[PDB]
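The chain that follows stands alone, in the form deposited in one PDB entry, written as structure tokens.
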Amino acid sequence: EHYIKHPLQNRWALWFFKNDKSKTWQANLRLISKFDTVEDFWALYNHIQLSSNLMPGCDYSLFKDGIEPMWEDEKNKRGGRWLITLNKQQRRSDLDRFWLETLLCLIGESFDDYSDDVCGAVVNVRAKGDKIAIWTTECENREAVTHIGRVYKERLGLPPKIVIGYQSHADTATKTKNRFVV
């Protein structure tokens, strides 16, 4: 039809984090923008820095609107994350392409029957090694969590020999073991 924008299943919110406003973690979160079409996603993506050009200590988070990008949210507190850990050199080679693929997985509803279990994703730019993660709502749904992990691994193009792990947020927040691996 040409003149109609292509709507997303969900409205998404993009958040930025930098540790330069407050000594309390959550007061450093900024809501950047919300979008609910493919066209509006790309308009936003085109305006913002690549993750590799952010100062160490910064995060982007993309979460379904209504879910705050923190453990304490009702939809994250029983949940967990699939974690991708990058070495320092992968900031250059893999970080930006992995983050974009992650964004496309989310907005495109790429987890078929288990897409509702996905809450969001987070990229941490860190001097010790960058991290990307997909956050899901219930760490005890073995079927949903494992399916999501397998989709994610396939979409990043990681070979069978590379193993990724899922951690519950409850475990991450306690002073971490994997609940699942794929």
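Throughout, we count residues from 1 along the sequence that is shown. Think of the rigid core as the biggest set of C-alphas that the two forms share within 1.5 Å after superposition. Shifts are known only where both forms have a C-alpha.
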**Message:** Among the other entries of this protein that were compared (only those with both neighbours built), does residue 2 lack coordinates in at least a third?
**Reply:** no
**residue 176 left out of the model in a third or more of other PDB entries** = yes
**Prompt:** Deposited residues absent from the coordinates between residue 2 and residue 3, none, 1 to 3, 4 to 9, or 10 or more?
**Reply:** none
**Asked** Which is higher in the entry, the mean Cα B factor of 108 to 116 or that of 77 to 85?
**Response** 108 to 116
**Item:** Segment of higher mean CA temperature factor, 64 to 72 or 37 to 45
**Value:** 64 to 72
**Item:** Peak C-alpha temperature factor (PDB record), options 26, 124, 136, 146
**Value:** 26
**Complete:** Of the residues 151, 132, 50, 55, the one whose Cα carries the largest B-factor in the deposited record is 55
**Fill in**
Tertile call for residue 14 (CA temperature factor, within chain, third-based) is the lowest
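The same protein also has a form deposited in another entry, omitted here; what follows describes it.
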**Prompt:** In a fit on the core, which one among 52, 146, 37, 33 has a Cα that moves 2 Å or more between this form and the one not shown?
**Reply:** 52
**Message:** So the CA-CA distance for residue 51 and residue 153 moves by at least 3 angstroms in that other deposited form. Closer or farther than here?
**Reply:** farther
**Comparison of CA distance in that other deposited form with shown form for residue 50, residue 105, at least 3 Å** = farther
**Fill in**
Counting only common residues, the segments between this form and the one not shown where three or more consecutive C-alphas all move by 2 Å or more on the rigid core are 20 to 22, 49 to 53
